[PDB]
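Protein chains: 4
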Amino acid sequence: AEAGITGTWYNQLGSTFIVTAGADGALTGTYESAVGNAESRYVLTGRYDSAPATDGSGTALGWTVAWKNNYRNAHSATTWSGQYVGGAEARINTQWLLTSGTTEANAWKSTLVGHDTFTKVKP
Amino acid sequence: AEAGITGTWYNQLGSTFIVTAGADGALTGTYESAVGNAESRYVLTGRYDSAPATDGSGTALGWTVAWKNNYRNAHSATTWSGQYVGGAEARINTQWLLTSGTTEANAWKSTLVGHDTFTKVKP
Amino acid sequence: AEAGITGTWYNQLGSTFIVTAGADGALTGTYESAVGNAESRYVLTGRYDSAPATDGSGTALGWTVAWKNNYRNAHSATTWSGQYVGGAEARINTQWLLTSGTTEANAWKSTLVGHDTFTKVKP
Amino acid sequence: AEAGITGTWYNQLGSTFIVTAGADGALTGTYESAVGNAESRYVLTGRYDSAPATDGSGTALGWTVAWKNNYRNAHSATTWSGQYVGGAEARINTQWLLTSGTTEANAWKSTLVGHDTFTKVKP
Ligand SMILES: N=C1N[C@H]2[C@H](CS[C@H]2CCCCC(=O)O)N1
Ligand SMILES: N=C1N[C@H]2[C@H](CS[C@H]2CCCCC(=O)O)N1
Ligand SMILES: N=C1N[C@H]2[C@H](CS[C@H]2CCCCC(=O)O)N1
Ligand SMILES: N=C1N[C@H]2[C@H](CS[C@H]2CCCCC(=O)O)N1
C-alpha cells in the first residue's frame, strides 16, 4: 500500500492520475482526463486505510475530483471508492459516483455510477 | 456554497461532520460516527465545484473518510458524492460507496451503496 | 411478505405501482409514472425471496420496468433492488439503477443510480 | 436485440444464464451460479426496451433473481441493469444491486453494488 500506491496510474479509457500516498492516510495528486467533459488536470484528494494484511486483502481507499480547473467548470464531482492490490500486476479496482449540480426537480437524475480499473502500465 | 457549506452537518442516523470549504474547492474536516464499525472521529477530505448558478442548482461535491483512527481500523473507506442546496433548509444530499479491503475472491462483495442526507439542524 | 406485498404502493415523487406477489416468488404488475420521461403505465416483473424471518428482517425483492409502452419508448430500463418491511407502516426501501441504451462511446454515462421508498399510503 | 439476446450467456466469474426474450419485451430464463451463496439454478425474469436504433446504441434491459430455490434460500435478491450490444462480439454490460433482508438497524449495509459483463462464449 502507500509506497506501492504512489505513482502514475492509467485506466482503460485512457485517464491518468498521479498520486502521493502520505504516511497518515492522505492521498494527494492530479487527475488528467482522456475521454469526458473534462479538459486537462484537476486536483484530487482522498484517503486510504495506512495500516491495511496477513491474508493478502486489498487496501481500501477513495478520492474525489471536482471538475473545475482554469479551462473548464463542469459543475460536477466524482468520487472513486475501491481497493489497491499490489504485486506484479498491481491495480486499483473502483466503482465511482459522478454527481452534477441540478435544480431540485432533476435531482433524481443527478448521479451516474460506473467502475474503473487502474494499472501502472497503460493499460 | 463554500461559506454555506462550512459548519456542522448531521444526518438521520446521527452521524456528524464538521467541514471547512476552502476558497479553491477544498473540503477538510472530521466525521464523528453515530451508528457503524467506527468509533470517534476520522479525518475527511474532499472537493466541491467553488464556482457553482443562475438557476438555483445544487453545488456538486464529494469527500472520503478511511475508517482508521487511533482507536479503530475497520480496513474500509467511504466516499460520498452529492450536492449542496442552500437556503432556509439547506442540505447535502448524497449517495455513498463503502469499500472494505478483501482477498481477490471476495472482491465482488466488497462495496456497499447507500444514501445520506445532511442538515444543519439535527435532524 | 407476499400477501403484505400485494397491493398499491406510492413513493415520494408520486409514482405508483400495483403488484401481485405470487406463491412462488413472482412479482407482476404495472408501474404508472408521476415525474420522468415516462407517460402512463408500464409492465413490471420481478421476484421476491417467498420464504423470508424469526428476527423481523425485511423481505428482499427486485423488479424491472423497460420504459416502452404504446405512447412512449424512452430506450431505457430501471431495476429496483430492496426489501419489504411490513407492519403498521409497511414500506419497501429500494435503491435503483436506470440504464439508457448508448453508443459504445457513451456507455460510461449510461447508468443513473438513486433510491425510492414506497408506502401503502400516498405518501 | 430480442433474437440476439435469446441464448446462453456467461460472465467472467463463471456464472451462466439462459434467457428467452419475448416479442413484447419480456425476458424469462434461469441463472445458474458459479461463485456465491447460491447453489444451482434460479428463476430470472426481466424486461428489455423491444424497439431499440439507427445509431448502433445498446438495447437497455434488466432482470431479477431472488436467491431462493429448492436447495438454498439466501434471503437476498439481485437486479442487473445494463444494455445489450450485438455483433461479432455481442455482450451485455451491466451494473448490479444485491440486497439482503436485514433488521431495520442493519438496513444501511444491506445492498452491494458491482458490475458483470456477459458474453456468448465463455468467457
Ligand atoms: N475515468 C473516468 N472518467 C469518467 C468516469 C468517471 S469520472 C468521468 C469523467 C467526468 C468528466 C467531467 C464531466 O463530464 O462532468 N471514469
Ligand atoms: N453516515 C453513514 N454511516 C454509514 C453509512 C456510510 S459510511 C457508514 C459507517 C461506516 C463505519 C465504518 C465501517 O463500518 O466499516 N452512512
Ligand atoms: N420512481 C422513480 N422514477 C424515476 C426514478 C427511477 S426510474 C425513473 C423514471 C424513469 C422514466 C423513464 C426515463 O426517463 O427514461 N424513480
Ligand atoms: N454473477 C454474479 N454473481 C454475484 C454477483 C451479483 S449476484 C452474486 C451471487 C449472489 C449469490 C447469492 C448470495 O450470495 O446471496 N454477480
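Chains as they are written, first to last, in full-length UniProt numbering: chain A, 37 to 159; chain B, 37 to 159; chain C, 37 to 159; chain D, 37 to 159.
Each residue gets a CB set at the ideal place from its N, CA and C atoms; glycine is no exception.
Quiz item: What is the DSSP secondary structure of residue 141 of chain C, counted as helix, strand or coil?
Solution: Secondary structure at residue 141 of chain C: helix, using DSSP grouped into helix, strand and coil.
Quiz item: Using a Cβ-Cβ distance under 9 angstroms, would residue 101 of chain B count as near chain D?
Solution: No, because no Cβ of chain D sits closer than 9 angstroms to the Cβ of residue 101 of chain B.
Self-check item: Proximal residues, the segment 120 to 152 of chain C versus chain D, C-beta separation under 9 angstroms
Solution: For the segment 120 to 152 of chain C, which is checked against every Cβ of chain D, the residues closer than 9 angstroms are 120, 121, 129, 130, 131, 132, 133, 134, 135, 136, 137, 138, 139, 140, 142, 143, 146, 147, 149.
Quiz prompt | Beta-carbon gap between residue 46 of chain D and residue 158 of chain D smaller than 9 angstroms | solution = The Cβ atoms of residue 46 of chain D and residue 158 of chain D lie closer than 9 angstroms to each other.
Practice problem: Output, in chain order, the set of chain C residues within a Cβ distance shorter than 9 angstroms of residue 63 of chain A. | Solution: Chain C residues near residue 63 of chain A: none, gap ~23 angstroms exceeds 9 angstroms.
Quiz item: Excluding sequence positions up to five away, which residues of its chain have a Cβ less than 7 angstroms from the Cβ of residue 148 of chain B?
Solution: A distance below 7 angstroms between beta-carbons, with the five flanking residues on each side excluded, links residue 148 of chain B to the following residues of its chain, in chain order: 134.
Quiz prompt | For residue 69 of chain A and residue 108 of chain A, the rounded distance between their alpha carbons | solution = Taking the CA atoms as reference points, residue 108 of chain A sits about 12 angstroms from residue 69 of chain A.
Exercise. Would you mind giving the Cβ-Cβ distance between residue 85 of chain C and residue 116 of chain C, rounded to the nearest angstrom? I have them listed as a contact below 8 angstroms.
Key: Contact doesn't hold; Cβ gap of about 15 angstroms is too wide.
Quiz item: Taking C-beta to C-beta, are residue 65 of chain A and residue 38 of chain A nearer than 9 angstroms?
Solution: Their beta carbons are not under 9 angstroms apart, which means residue 65 of chain A does not touch residue 38 of chain A by this criterion.
Quiz prompt | Contact list for residue 104 of chain D against chain C, beta-carbon separation under 8 angstroms | solution = Those within 8 angstroms of residue 104 of chain D in chain C are 61, 85, 86, 87.
Exercise. Helix, strand or coil for residue 68 of chain B, going by three-state DSSP, please let me know.
Key: Strand, per DSSP.
Quiz item: Grouping DSSP H, G and I as helix and E and B as strand, with all else coil, what is residue 58 of chain B?
Solution: It is coil, neither helix nor strand.
Practice problem: Can you grab the Cα-Cα spacing for the pair residue 113 of chain D / residue 156 of chain D, in whole Å? | Solution: The alpha-carbon atoms of residue 113 of chain D and residue 156 of chain D are separated by roughly 24 angstroms.
Quiz item: Got a sec: is the Cβ-Cβ distance from residue 116 of chain C to anything in chain D below 9 angstroms?
Solution: Yes - at least one Cβ of chain D is within 9 angstroms of the one on residue 116 of chain C.
Quiz prompt | Residues sharing a beta bridge with residue 117 of chain C, DSSP | solution = Beta-bridge pairing links residue 117 of chain C to C/98, C/131.
Self-check item: Distance cut-off 8 angstroms: residue 82 of chain B Cβ against heavy atoms of ligand 2
Solution: Distances between the C-beta of residue 82 of chain B and the heavy atoms of ligand 2 are all 8 angstroms or more.
Quiz item: Alpha carbon to alpha carbon, what distance is there between residue 76 of chain D and residue 35 of chain B?
Solution: There is simply no residue 35 of chain B to check, as chain B begins at 37 and stops at 159 in what is shown.
Self-check item: Cβ-Cβ distance between residue 80 of chain D and residue 95 of chain D below 9 angstroms
Solution: Contact: no.
Self-check item: Bounding residues of the beta strand (DSSP E) (the contiguous stretch that carries residue 152 of chain A)
Solution: DSSP places residue 152 of chain A inside the beta strand (DSSP E), whose first and last residues are 147 to 155.
Quiz item: Any heavy atom of ligand 4 closer than 8 angstroms to the CB of residue 152 of chain A?
Solution: No, since every heavy atom of ligand 4 falls outside the 8 angstroms radius drawn around the Cβ of residue 152 of chain A.
Quiz item: Secondary structure at residue 237 of chain D, three-state DSSP: helix, strand or coil?
Solution: The displayed coordinates of chain D run from 37 to 159. Any statement about residue 237 of chain D would go beyond what the structure contains.
Self-check item: Residue-level contact to chain B via CB, residue 49 of chain D, 9 angstroms cutoff
Solution: Answer yes: the Cβ-Cβ gap between residue 49 of chain D and chain B drops below 9 angstroms somewhere.
Quiz item: Tell me which same chain residues have a C-beta within less than 8 angstroms of the C-beta of residue 145 of chain D, skipping the five on either side of it?
Solution: Annotation for residue 145 of chain D: 138 place their beta carbon closer than 8 angstroms to its own, counting only its chain and skipping 5 residues before and after.
Practice problem: Spell out whether any CB of chain D is found under 9 angstroms from the CB atom of residue 72 of chain B. | Solution: It does: the Cβ of residue 72 of chain B has a partner Cβ on chain D nearer than 9 angstroms.
Quiz prompt | residue 52 of chain D and residue 44 of chain D closer than 9 angstroms at C-beta | solution = In this structure, residue 52 of chain D places its C-beta atom within 9 angstroms of the C-beta atom of residue 44 of chain D.
Quiz item: So which residues on chain B does residue 95 of chain A lean against when the C-beta distance must stay under 7 angstroms?
Solution: Identification of chain B residues near residue 95 of chain A by a Cβ-Cβ cut-off of 7 angstroms yields 137, ordered along the chain.
Exercise. Give a single yes or no on whether residue 79 of chain C has its beta carbon closer than 8 angstroms to a heavy atom of ligand 3.
Key: No, Cβ of residue 79 of chain C sits at least 8 angstroms from all heavy atoms of ligand 3.
Quiz item: Cβ of residue 70 of chain B within 8 angstroms of any heavy atom in ligand 2?
Solution: Placement of the Cβ of residue 70 of chain B at a distance of less than 8 angstroms from at least one heavy atom of ligand 2 is found.
Exercise. Name, in chain order, the residues that DSSP records as bridge partners for residue 81 of chain C.
Key: Under the DSSP definition of a beta bridge, residue 81 of chain C partners with C/64, C/100.
Quiz item: Taking C-alpha atoms, which residue in B/83, B/93, B/62 lies nearest to residue 127 of chain B?
Solution: Of the candidates B/83, B/93, B/62, the one whose C-alpha sits nearest the C-alpha of residue 127 of chain B is B/93.
Quiz item: For residue 47 of chain D, is the beta carbon positioned less than 8 angstroms from some heavy atom of ligand 4?
Solution: Within the cutoff, so yes.
Quiz item: What's the C-alpha gap between residue 154 of chain B and residue 97 of chain B?
Solution: Answer to the nearest angstrom: the Cα atoms are 13 angstroms apart.
Quiz item: Which residue's Cα is closest to the Cα of residue 105 of chain A: A/74, A/60, A/50, A/131?
Solution: Comparing alpha carbon positions, the residue from A/74, A/60, A/50, A/131 closest to residue 105 of chain A is A/74.
Quiz item: So is the beta-carbon of residue 99 of chain D under 8 angstroms away from any non-hydrogen atom of ligand 4?
Solution: Residue 99 of chain D Cβ: outside cutoff for every heavy atom of ligand 4.
Quiz item: Is it true that the CB of residue 122 of chain C sits closer than 9 angstroms to the CB of residue 129 of chain C?
Solution: Judged by their CB atoms, residue 129 of chain C and residue 122 of chain C are not nearer to each other than the 9 angstroms cut-off.
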